[PDB]
Amino acid sequence: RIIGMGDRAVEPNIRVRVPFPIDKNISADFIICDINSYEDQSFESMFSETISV
Amino acid sequence: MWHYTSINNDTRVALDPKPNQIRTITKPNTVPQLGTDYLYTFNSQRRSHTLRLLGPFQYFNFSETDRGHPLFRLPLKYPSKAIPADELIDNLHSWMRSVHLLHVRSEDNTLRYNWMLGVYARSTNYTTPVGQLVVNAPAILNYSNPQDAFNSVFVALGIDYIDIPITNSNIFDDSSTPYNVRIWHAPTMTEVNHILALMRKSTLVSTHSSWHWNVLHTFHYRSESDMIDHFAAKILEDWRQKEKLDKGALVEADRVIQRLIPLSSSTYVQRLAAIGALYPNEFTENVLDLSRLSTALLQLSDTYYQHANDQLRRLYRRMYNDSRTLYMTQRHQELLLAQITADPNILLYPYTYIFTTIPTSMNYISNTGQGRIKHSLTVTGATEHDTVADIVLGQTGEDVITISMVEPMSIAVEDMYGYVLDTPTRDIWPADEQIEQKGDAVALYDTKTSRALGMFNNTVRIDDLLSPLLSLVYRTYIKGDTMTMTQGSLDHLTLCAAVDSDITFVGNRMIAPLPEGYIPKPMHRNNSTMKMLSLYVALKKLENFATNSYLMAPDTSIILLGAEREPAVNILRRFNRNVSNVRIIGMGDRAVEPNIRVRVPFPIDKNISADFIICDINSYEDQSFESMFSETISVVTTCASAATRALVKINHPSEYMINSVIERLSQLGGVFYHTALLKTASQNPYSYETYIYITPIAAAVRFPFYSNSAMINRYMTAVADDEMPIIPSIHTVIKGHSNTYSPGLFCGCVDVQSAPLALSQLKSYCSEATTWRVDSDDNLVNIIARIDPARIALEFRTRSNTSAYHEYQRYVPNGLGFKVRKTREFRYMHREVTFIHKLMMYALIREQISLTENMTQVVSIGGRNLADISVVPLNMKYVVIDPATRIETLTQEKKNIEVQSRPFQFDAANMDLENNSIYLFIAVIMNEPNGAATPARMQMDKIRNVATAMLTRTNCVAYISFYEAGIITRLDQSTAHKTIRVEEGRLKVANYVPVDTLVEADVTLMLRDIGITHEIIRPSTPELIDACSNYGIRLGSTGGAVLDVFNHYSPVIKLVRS
Amino acid sequence: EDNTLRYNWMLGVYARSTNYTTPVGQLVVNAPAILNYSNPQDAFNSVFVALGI
Amino acid sequence: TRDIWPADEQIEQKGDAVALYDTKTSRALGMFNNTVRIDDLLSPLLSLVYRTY
Amino acid sequence: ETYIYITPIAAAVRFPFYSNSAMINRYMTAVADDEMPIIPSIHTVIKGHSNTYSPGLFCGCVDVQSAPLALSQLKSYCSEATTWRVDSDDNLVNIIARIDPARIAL
Ligand SMILES: Nc1ncnc2c1ncn2[C@@H]1O[C@H](CSCC[C@H](N)C(=O)O)[C@@H](O)[C@H]1O
Ligand SMILES: Nc1ncnc2c1ncn2[C@@H]1O[C@H](CSCC[C@H](N)C(=O)O)[C@@H](O)[C@H]1O
Ligand SMILES: Nc1ncnc2c1ncn2[C@@H]1O[C@H](CSCC[C@H](N)C(=O)O)[C@@H](O)[C@H]1O
């Protein structure tokens, strides 16, 4: 099973947010995260986004 | 201050061959043989013949004399490929052979040959004064410096300008040109100012900022309607050149600005020029760019006129009225300042204007590539809704959206054949309970099983599930195959259903040969053959666990008692064809040769005899119990003595029937018999059709009888007529935050303008959704949504609607997905057995909670905000106690939800439960907080310590679920093990880590001296029906055999004590 | 532009196939927008009132 | 390599991140960043073993 | 663009944090705006023993009669060079040379 998710996705990729509100029960053996973008925001707000990922 | 950089260098000027090499690159190209230089692709559009010559034969116009004669005509008028690849190479060679230009070989190494003007004269046969000049003196076309190339052909003639038609790249598109160009005589800077002021008030002309050759030249268009096709073509390029510059890179496109500048023009390109000269915020693109573009940009220009917003409109209107000057943006202007000082004496567009206000973007995000986007909606957001519209949709069509149901599924190959064996447990049949069980069978029989149960029984069948796929490996069989290997599970499969005829094996592995011209018919399978082929296998599995047999030793006899006339015999005969001498006999009370028509058992004589008997007797409605019983019981006792290892079939597994079957065997036969019933796959789920396998003991049987009856119990749960069939349906209508909708799903289409209006409301009923646009410029968006009671119970808690309008509105227009062709949607979805088991877990507790006098709070321990359904009423507070979960937003919106971020414990050290708290203990009393595995002696304390406290706490029910031991061996002898695998010592359900079993005999006994009240309630059929009906979920067929066993051995113990 | 319209297939192809010769097939030449309807039944009510048949 | 994060250097490292972020990395560094990419390096060859296939 | 791989220890980690930060340091060397983008270019011109040329490369063609005249001067700016005639009887020789600061300083 190879699943794909993101905040701009298209079937069979599923369009969601990160982390996303409660429920939905994400689960896997491996996760590869490539989150980032797309310009821009001040440091005090950017930090809270990077650290939350 | 970024001031990006670039390299500006003429790209046309540096194409012209040398004056002494111009000889080489023209005629002497007969030595080489083309091949890769020119570009050719062919489409069966049809038709397309894009044959395009590249440098140095690009921008080359063709004379009408040597155009048609040599080549072009005939190759085109095949027309339909055809068109051998040899034709192009050999024929194009023939053309390029006979061609040359007039020139003079020079000695100076710093000369260049004018290509453009040279080929212009040649192609016109030197007819005009411009082309005749280069006949008497062909050395005029040699120059050492650009610009000075043309200065020599205005002074020598006395003319002011030269007009020249353009070149079409495609050499098979023989049509009139869209426009032409005109080159003006202009030496100095002061001349350009004089000419461009003269270009005004004249038909239709244009320019473009800078120029190649350092000499003024302009464009002249044919008609007004064919100008916007050229403006919209250049504007598109400038948007790409500044895309790489604004980020910062290296480009080589000289000129700096590609945008065209309309001089004397109409009124359609003044509107178009304005919108293009402000670099709109098409990011991501949107716009509807692919097509038609020429009309999409006209709609775009209408946007900024009123939009969006302010000084953006003003900028637009400051360009609409003007459109006479070149508008630049500081940074982009600097490129000209950087290169105007690098080399003096170079012409630029006199009239420039600089502005620094973009200012900003929205911005947007979207995509325009094939795809069908799924959505996942939530119950919180940053917006506030109150009293909104009812966004109505209707009409699906049958072309775009097809609605069906069974559902069809997709599995493997060996998984088609598996079974689960049960085992008796009782050793005595009381004479006081022998008439108690009878009364249950008699009273039940009178009224047939629930009408609601039969809503799925004869509605869907195994045939409709497996056949669809089973007849696709038929197409695979044809022409194609690999190593097959006799005996294997693949072997008898492709021998059976795929091929009516026999199968020849050569090497025990190969499939050969091929069907030359005759196509062998697909074996016609039947409803009464699928049950027999999966039982034949089970029969061989019950004999010996050793795998890879399936074939018998020579001189073995098997007889079937059908179920005639039915095939099966032919299938189990062709399979045993190769193996020496095997006898497969078929009999029944409706049979046809080679099947023998008889009765059962049949009067004396005839001497029936075999090694194995498979009985499928029954039917066909109807007769009263006292007469039916005597028929069912007479079948068993006449197959038990007919063979040594037979298997029989009974209806109504009611615990009376099964016990009367054993009773009638233990008395007659010597040394008793050993009996055990079983289920197999492909038996039509929830059909209460069990099978009884009979073995001649091996000594003396310990526990012949049944006690609680686990597998049978399924049957003994049906009830008489009640309420209604339920039945899912469609709505095609949406209210805003309004309760009361029937289970099912709904779909339609809405205006893209109010697409995100619908999405903001769908969150109240469902979590999943699917959208797509049919075509890029239809503006209609199709929507499918599915109603789940798992979200309804979470939506309508209080009054807060919120939602997130802002989030979804960022899709319009494009970004909702694009999908062509047709698509089919189904009704009953597909879920495994890990999910359905839980749907029965919560369907049970819901009945128990919503019945008691009074409640204070419902408490769950472990989960993802799950088991929300079951909390009744919705007014009731809901508490979650788990170490890991998401908090805040969901708990802030007055949902009466609260979460404690602490690990619970079961030591009776700090217990505080109190009046009316309902605690759930799902799976959190098993393994560790991380995901390891715990002993079986450390899980008992999690009940002892909860009870110890509960003894003093006022009537406070605790709901606890735990695994029942005995599975150890019950799923070890079985053949179905795709899931619910047992790792010798531990149960492996789903994922996690395999967990230890709990000895039910000890767990029950140990609570008879500490605890007070402890009732064990197991989920039954009624919970299965309600689960499948509300959610709309089919049973997993091969997982259905898993459910009706796994379900039983997970007790839910209710500790309701005061 | 309205997303809640449906095109009458049966009547449309009937007229086309007869070269719009009959009064019923000529009606849909001057005004081909008559074949659009939002509600069944009302599809046909428009081609009896306009003809008088 | 480190085992302790000093509480006196936790705000010294912060000041470096905050002061640096404000101004994007060197313009000269970006002369090669978005100018050349892996795609332009490997794809040329990667699509020649396509013809081999 | 670095990546962070995370593993659930196996017992207790010794050195979880970073000190000098070697791989990260690369990032922490960028500065604000300064001078110029530099950018290589072409010259198509040769002076005899005269300093001050912009980095990059230059090329063209000369009369074969004065081919070795150019070669005697290219040695001042570069070490590598490439020449070829187009055709046997053109008498034009194409020259490509590349400027190296490893030779300028010598
Ligand atoms: N939690 C989140 N919030 C916002 N955007 C997210 C996200 N998780 C992933 N993304 C997406 O990740 C992207 C970072 S750049 C990703 C590369 C880009 N998708 C490409 O195809 O080249 C953003 O476009 C963003 O939409
Ligand atoms: N002793 C017996 N008396 C009556 N019918 C018997 C019988 N033994 C077998 N049968 C037959 O078994 C059938 C039960 S249903 C069998 C399935 C059916 N033949 C089919 O092809 O789908 C009855 O039709 C009955 O004719
Ligand atoms: N002290 C405690 N008491 C009860 N549950 C606990 C606990 N500590 C942790 N848990 C929870 O028990 C769960 C074990 S795993 C349960 C299945 C998992 N929630 C799923 O959705 O698939 C974990 O989710 C964990 O959050």
# chains A, B, ... in the order shown; residues from 1 in each chain; ligands from 1
call {"tool": "residues_around", "arguments": {"residues": "segment 9-14 of chain A", "least_positions_apart": "5", "cutoff": "8 Å", "atoms": "only C-alpha atoms", "output": "PyMOL selection string"}}
result
(chain A and resi 3-4) or (chain B and resi 371-376+817)
call {"tool": "write_last_selection", "arguments": {"atoms": "N, CA and C atoms", "output": "PDB file, in the first residue's frame"}}
result
ATOM      1  N   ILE A   3       0.436   5.196  -0.116  1.00  0.00           N
ATOM      2  CA  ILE A   3      -0.518   6.297   0.003  1.00  0.00           C
ATOM      3  C   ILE A   3       0.175   7.645  -0.150  1.00  0.00           C
ATOM      4  N   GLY A   4      -0.545   8.608  -0.718  1.00  0.00           N
ATOM      5  CA  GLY A   4      -0.029   9.962  -0.863  1.00  0.00           C
ATOM      6  C   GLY A   4      -1.027  10.992  -0.342  1.00  0.00           C
TER       7      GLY A   4
ATOM      8  N   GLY B 371      -6.879  14.462 -13.301  1.00  0.00           N
ATOM      9  CA  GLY B 371      -6.927  13.909 -11.951  1.00  0.00           C
ATOM     10  C   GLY B 371      -8.321  14.037 -11.351  1.00  0.00           C
ATOM     11  N   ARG B 372      -8.581  13.264 -10.304  1.00  0.00           N
ATOM     12  CA  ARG B 372      -9.861  13.322  -9.607  1.00  0.00           C
ATOM     13  C   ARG B 372      -9.661  13.429  -8.101  1.00  0.00           C
ATOM     14  N   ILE B 373      -9.810  14.640  -7.573  1.00  0.00           N
ATOM     15  CA  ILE B 373      -9.370  14.942  -6.219  1.00  0.00           C
ATOM     16  C   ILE B 373     -10.382  14.459  -5.187  1.00  0.00           C
ATOM     17  N   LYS B 374      -9.893  13.755  -4.172  1.00  0.00           N
ATOM     18  CA  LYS B 374     -10.700  13.448  -2.999  1.00  0.00           C
ATOM     19  C   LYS B 374     -10.561  14.529  -1.934  1.00  0.00           C
ATOM     20  N   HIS B 375     -11.630  14.748  -1.175  1.00  0.00           N
ATOM     21  CA  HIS B 375     -11.622  15.746  -0.111  1.00  0.00           C
ATOM     22  C   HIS B 375     -11.822  15.099   1.254  1.00  0.00           C
ATOM     23  N   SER B 376     -11.360  15.777   2.296  1.00  0.00           N
ATOM     24  CA  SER B 376     -11.626  15.352   3.664  1.00  0.00           C
ATOM     25  C   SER B 376     -12.022  16.531   4.543  1.00  0.00           C
ATOM     26  N   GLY B 817     -10.445  19.696  -9.839  1.00  0.00           N
ATOM     27  CA  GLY B 817     -10.109  18.451 -10.524  1.00  0.00           C
ATOM     28  C   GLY B 817     -10.727  18.405 -11.916  1.00  0.00           C
TER      29      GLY B 817
END
call {"tool": "residues_near_ligand", "arguments": {"ligand": "ligand 1", "cutoff": "6 Å", "atoms": "only C-alpha atoms and all ligand atoms", "output": "MDAnalysis selection string"}}
result
chainID A and resid 6:8 17:19 35:38
call {"tool": "residues_near_ligand", "arguments": {"ligand": "ligand 3", "cutoff": "8 Å", "atoms": "only C-alpha atoms and all ligand atoms", "output": "VMD selection string"}}
result
(chain A and resid 25 27) or (chain B and resid 861 to 864 881 to 885 902 to 905 921 923 to 925 927 to 931 992)
call {"tool": "residues_near_ligand", "arguments": {"ligand": "ligand 2", "cutoff": "9 Å", "atoms": "only C-alpha atoms and all ligand atoms", "output": "PyMOL selection string"}}
result
chain B and resi 526-529+561-567+587-591+598-602+615-620+631+634-635
call {"tool": "interface_residues", "arguments": {"of": "chain D", "to": "chain A", "cutoff": "9 Å", "atoms": "only C-alpha atoms", "output": "JSON, numbers by chain"}}
result
{"D": [17, 18, 21, 22]}
call {"tool": "residues_around", "arguments": {"residues": "residue 752 of chain B", "least_positions_apart": "2", "cutoff": "8 Å", "atoms": "only C-alpha atoms", "output": "mmCIF file with N, CA, C and O atoms, in the first residue's frame"}}
result
data_model
loop_
_atom_site.group_PDB
_atom_site.id
_atom_site.type_symbol
_atom_site.label_atom_id
_atom_site.label_comp_id
_atom_site.auth_asym_id
_atom_site.auth_seq_id
_atom_site.Cartn_x
_atom_site.Cartn_y
_atom_site.Cartn_z
ATOM 1 N N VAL B 750 -23.085 21.627 -9.410
ATOM 2 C CA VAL B 750 -23.353 23.013 -9.050
ATOM 3 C C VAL B 750 -22.518 23.971 -9.885
ATOM 4 O O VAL B 750 -21.523 23.577 -10.497
ATOM 5 N N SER B 754 -20.430 28.869 -7.083
ATOM 6 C CA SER B 754 -20.905 28.495 -5.755
ATOM 7 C C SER B 754 -20.515 27.060 -5.416
ATOM 8 O O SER B 754 -21.252 26.354 -4.724
ATOM 9 N N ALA B 755 -19.359 26.634 -5.908
ATOM 10 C CA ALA B 755 -18.834 25.310 -5.597
ATOM 11 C C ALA B 755 -18.408 25.214 -4.135
ATOM 12 O O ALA B 755 -18.739 24.250 -3.444
ATOM 13 N N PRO B 756 -17.672 26.221 -3.673
ATOM 14 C CA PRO B 756 -17.138 26.215 -2.316
ATOM 15 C C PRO B 756 -18.223 26.525 -1.296
ATOM 16 O O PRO B 756 -18.032 26.336 -0.093
ATOM 17 N N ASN B 779 -17.867 25.026 -16.527
ATOM 18 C CA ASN B 779 -18.252 25.807 -15.358
ATOM 19 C C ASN B 779 -19.192 25.018 -14.454
ATOM 20 O O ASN B 779 -19.663 25.530 -13.439
ATOM 21 N N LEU B 780 -19.461 23.775 -14.833
ATOM 22 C CA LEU B 780 -20.243 22.872 -13.998
ATOM 23 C C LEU B 780 -19.346 21.879 -13.267
ATOM 24 O O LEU B 780 -18.500 21.229 -13.877
ATOM 25 N N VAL B 781 -19.539 21.770 -11.956
ATOM 26 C CA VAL B 781 -18.739 20.860 -11.141
ATOM 27 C C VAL B 781 -19.601 19.758 -10.538
ATOM 28 O O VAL B 781 -20.585 20.031 -9.851
ATOM 29 N N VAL B 812 -11.943 28.071 -6.628
ATOM 30 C CA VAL B 812 -12.548 28.701 -7.795
ATOM 31 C C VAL B 812 -11.553 29.603 -8.516
ATOM 32 O O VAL B 812 -10.845 30.385 -7.883
ATOM 33 N N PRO B 813 -11.504 29.484 -9.839
ATOM 34 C CA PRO B 813 -12.370 28.558 -10.558
ATOM 35 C C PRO B 813 -11.784 27.153 -10.569
ATOM 36 O O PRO B 813 -12.481 26.177 -10.300
#
call {"tool": "residues_around", "arguments": {"residues": "segment 92-101 of chain E", "least_positions_apart": "5", "cutoff": "8 Å", "atoms": "only C-alpha atoms", "output": "list in words"}}
result
residues 109 of chain B; 55, 56, 57, 58, 59, 60, 61, 62, 63, 64, 67, 74, 77, 78, 79, 80, 81, 82, 83, 84, 85 and 86 of chain E
call {"tool": "select_by_dssp", "arguments": {"residues": "chain A", "states": "helix (DSSP H, G or I)", "output": "list in words"}}
result
residues 43, 44, 45, 46, 47, 48, 49 and 50 of chain A
call {"tool": "select_by_dssp", "arguments": {"residues": "segment 634-841 of chain B", "states": "strand (DSSP E or B)", "output": "NGL selection string"}}
result
:B and (647-649 or 674-680 or 691-695 or 705 or 729 or 744-751 or 768-773 or 780-786 or 818 or 823-825)
call {"tool": "residues_around", "arguments": {"residues": "residue 15 of chain E", "least_positions_apart": "5", "cutoff": "10 Å", "atoms": "only C-alpha atoms", "output": "number ranges by chain"}}
result
D: 1-4
call {"tool": "write_last_selection", "arguments": {"atoms": "N, CA and C atoms", "output": "PDB file, in the first residue's frame"}}
result
ATOM      1  N   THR D   1      26.733  15.482  18.203  1.00  0.00           N
ATOM      2  CA  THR D   1      28.001  15.458  18.917  1.00  0.00           C
ATOM      3  C   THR D   1      27.864  16.075  20.305  1.00  0.00           C
ATOM      4  N   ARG D   2      26.798  16.840  20.499  1.00  0.00           N
ATOM      5  CA  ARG D   2      26.599  17.570  21.746  1.00  0.00           C
ATOM      6  C   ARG D   2      25.622  16.841  22.661  1.00  0.00           C
ATOM      7  N   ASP D   3      25.752  17.073  23.965  1.00  0.00           N
ATOM      8  CA  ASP D   3      24.930  16.380  24.949  1.00  0.00           C
ATOM      9  C   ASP D   3      24.178  17.368  25.830  1.00  0.00           C
ATOM     10  N   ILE D   4      24.579  18.634  25.770  1.00  0.00           N
ATOM     11  CA  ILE D   4      23.932  19.681  26.550  1.00  0.00           C
ATOM     12  C   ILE D   4      23.628  20.898  25.689  1.00  0.00           C
TER      13      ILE D   4
END
call {"tool": "closest_atom_pairs", "arguments": {"of": "chain D", "to": "chain E", "cutoff": "12 Å", "atoms": "only C-alpha atoms", "output": "JSON lines"}}
result
{"residue": "D:1", "atom": "CA", "partner": "E:15", "partner_atom": "CA", "distance": 5.3}
{"residue": "D:2", "atom": "CA", "partner": "E:17", "partner_atom": "CA", "distance": 4.5}
{"residue": "D:3", "atom": "CA", "partner": "E:15", "partner_atom": "CA", "distance": 4.4}
{"residue": "D:4", "atom": "CA", "partner": "E:17", "partner_atom": "CA", "distance": 6.7}
{"residue": "D:5", "atom": "CA", "partner": "E:17", "partner_atom": "CA", "distance": 7.1}
{"residue": "D:6", "atom": "CA", "partner": "E:19", "partner_atom": "CA", "distance": 10.5}
{"residue": "D:9", "atom": "CA", "partner": "E:19", "partner_atom": "CA", "distance": 10.9}
{"residue": "D:10", "atom": "CA", "partner": "E:19", "partner_atom": "CA", "distance": 11.8}
{"residue": "D:13", "atom": "CA", "partner": "E:28", "partner_atom": "CA", "distance": 11.1}
{"residue": "D:16", "atom": "CA", "partner": "E:28", "partner_atom": "CA", "distance": 8.9}
{"residue": "D:17", "atom": "CA", "partner": "E:28", "partner_atom": "CA", "distance": 8.9}
{"residue": "D:19", "atom": "CA", "partner": "E:32", "partner_atom": "CA", "distance": 11.0}
{"residue": "D:20", "atom": "CA", "partner": "E:31", "partner_atom": "CA", "distance": 8.3}
{"residue": "D:21", "atom": "CA", "partner": "E:30", "partner_atom": "CA", "distance": 10.5}
{"residue": "D:22", "atom": "CA", "partner": "E:32", "partner_atom": "CA", "distance": 9.8}
{"residue": "D:23", "atom": "CA", "partner": "E:32", "partner_atom": "CA", "distance": 6.4}
{"residue": "D:24", "atom": "CA", "partner": "E:32", "partner_atom": "CA", "distance": 7.4}
{"residue": "D:25", "atom": "CA", "partner": "E:30", "partner_atom": "CA", "distance": 5.2}
{"residue": "D:26", "atom": "CA", "partner": "E:31", "partner_atom": "CA", "distance": 5.2}
{"residue": "D:27", "atom": "CA", "partner": "E:33", "partner_atom": "CA", "distance": 6.5}
{"residue": "D:28", "atom": "CA", "partner": "E:37", "partner_atom": "CA", "distance": 5.6}
{"residue": "D:29", "atom": "CA", "partner": "E:30", "partner_atom": "CA", "distance": 7.8}
{"residue": "D:30", "atom": "CA", "partner": "E:37", "partner_atom": "CA", "distance": 9.5}
{"residue": "D:31", "atom": "CA", "partner": "E:37", "partner_atom": "CA", "distance": 7.3}
{"residue": "D:32", "atom": "CA", "partner": "E:39", "partner_atom": "CA", "distance": 10.6}
{"residue": "D:33", "atom": "CA", "partner": "E:1", "partner_atom": "CA", "distance": 11.6}
call {"tool": "closest_atom_pairs", "arguments": {"of": "chain E", "to": "chain A", "cutoff": "12 Å", "atoms": "only C-alpha atoms", "output": "CSV"}}
result
residue,atom,partner,partner_atom,distance
E:1,CA,A:34,CA,10.6
E:2,CA,A:34,CA,11.1
E:3,CA,A:33,CA,9.4
E:4,CA,A:33,CA,9.8
E:5,CA,A:32,CA,9.6
E:6,CA,A:31,CA,10.4
E:7,CA,A:30,CA,11.3
call {"tool": "residues_around", "arguments": {"residues": "segment 1030-1032 of chain B", "least_positions_apart": "5", "cutoff": "12 Å", "atoms": "only C-alpha atoms", "output": "number ranges by chain"}}
result
B: 405-407, 456, 725-729, 741-745, 766, 786-792, 826-831, 835-836, 839-840, 843, 869, 1023-1025
call {"tool": "write_last_selection", "arguments": {"atoms": "C-alpha atoms", "output": "PDB file, in the first residue's frame"}}
result
ATOM      1  CA  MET B 405     -24.065  -1.872  -6.697  1.00  0.00           C
ATOM      2  CA  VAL B 406     -23.243  -5.367  -5.609  1.00  0.00           C
ATOM      3  CA  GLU B 407     -20.518  -4.944  -5.036  1.00  0.00           C
ATOM      4  CA  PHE B 456     -28.848  -9.185   1.701  1.00  0.00           C
ATOM      5  CA  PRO B 725     -36.528  -2.809   5.392  1.00  0.00           C
ATOM      6  CA  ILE B 726     -34.657   0.482   5.737  1.00  0.00           C
ATOM      7  CA  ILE B 727     -32.975   0.532   2.332  1.00  0.00           C
ATOM      8  CA  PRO B 728     -30.587   3.331   1.365  1.00  0.00           C
ATOM      9  CA  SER B 729     -31.554   6.044  -1.117  1.00  0.00           C
ATOM     10  CA  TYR B 741     -31.589  12.648   6.984  1.00  0.00           C
ATOM     11  CA  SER B 742     -32.055   9.074   5.779  1.00  0.00           C
ATOM     12  CA  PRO B 743     -28.945   6.909   5.485  1.00  0.00           C
ATOM     13  CA  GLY B 744     -27.341   6.698   2.047  1.00  0.00           C
ATOM     14  CA  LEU B 745     -25.603   9.071  -0.367  1.00  0.00           C
ATOM     15  CA  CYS B 766     -20.040  13.326   5.705  1.00  0.00           C
ATOM     16  CA  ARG B 786     -21.739  10.008   1.335  1.00  0.00           C
ATOM     17  CA  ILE B 787     -23.621  10.242   4.625  1.00  0.00           C
ATOM     18  CA  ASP B 788     -21.996   8.705   7.699  1.00  0.00           C
ATOM     19  CA  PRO B 789     -23.607   8.444  11.132  1.00  0.00           C
ATOM     20  CA  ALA B 790     -20.074   8.611  12.529  1.00  0.00           C
ATOM     21  CA  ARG B 791     -20.048  12.307  11.632  1.00  0.00           C
ATOM     22  CA  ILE B 792     -23.698  13.176  12.232  1.00  0.00           C
ATOM     23  CA  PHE B 826     -21.091   2.085  -6.080  1.00  0.00           C
ATOM     24  CA  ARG B 827     -23.443   2.000  -3.126  1.00  0.00           C
ATOM     25  CA  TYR B 828     -22.248  -0.400  -0.442  1.00  0.00           C
ATOM     26  CA  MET B 829     -18.573   0.548  -0.437  1.00  0.00           C
ATOM     27  CA  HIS B 830     -15.920  -1.903   0.730  1.00  0.00           C
ATOM     28  CA  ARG B 831     -14.584  -2.391   4.256  1.00  0.00           C
ATOM     29  CA  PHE B 835     -13.582  -2.132  10.781  1.00  0.00           C
ATOM     30  CA  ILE B 836     -16.824  -4.121  10.675  1.00  0.00           C
ATOM     31  CA  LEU B 839     -18.998  -1.479  13.926  1.00  0.00           C
ATOM     32  CA  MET B 840     -20.532  -4.433  15.753  1.00  0.00           C
ATOM     33  CA  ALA B 843     -23.587  -1.142  17.697  1.00  0.00           C
ATOM     34  CA  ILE B 869     -21.628   7.207  17.897  1.00  0.00           C
ATOM     35  CA  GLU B1023     -25.917  -5.689  15.353  1.00  0.00           C
ATOM     36  CA  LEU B1024     -24.508  -6.833  12.011  1.00  0.00           C
ATOM     37  CA  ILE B1025     -27.658  -5.883  10.106  1.00  0.00           C
TER      38      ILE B1025
END
call {"tool": "closest_atom_pairs", "arguments": {"of": "chain C", "to": "chain B", "cutoff": "12 Å", "atoms": "only C-alpha atoms", "output": "Markdown table"}}
result
| residue | atom | partner | partner_atom | distance |
| --- | --- | --- | --- | --- |
| C:1 | CA | B:779 | CA | 8.0 |
| C:2 | CA | B:751 | CA | 8.0 |
| C:3 | CA | B:750 | CA | 6.4 |
| C:4 | CA | B:394 | CA | 6.5 |
| C:5 | CA | B:395 | CA | 8.0 |
| C:6 | CA | B:395 | CA | 7.9 |
| C:7 | CA | B:397 | CA | 10.6 |
| C:37 | CA | B:395 | CA | 11.4 |
| C:38 | CA | B:395 | CA | 8.9 |
| C:39 | CA | B:395 | CA | 9.7 |
| C:40 | CA | B:395 | CA | 11.1 |
call {"tool": "atom_distance", "arguments": {"atom1": "atom CA of residue 557 of chain B", "atom2": "atom CA of residue 581 of chain B"}}
result
9.5 Å
call {"tool": "atom_distance", "arguments": {"atom1": "atom CA of residue 35 of chain C", "atom2": "atom CA of residue 49 of chain C"}}
result
14.0 Å
call {"tool": "atom_distance", "arguments": {"atom1": "atom CA of residue 963 of chain B", "atom2": "atom CA of residue 1048 of chain B"}}
result
9.6 Å
call {"tool": "residues_around", "arguments": {"residues": "residue 97 of chain B", "least_positions_apart": "2", "cutoff": "8 Å", "atoms": "only C-alpha atoms", "output": "PyMOL selection string"}}
result
chain B and resi 27-30+93-95+99
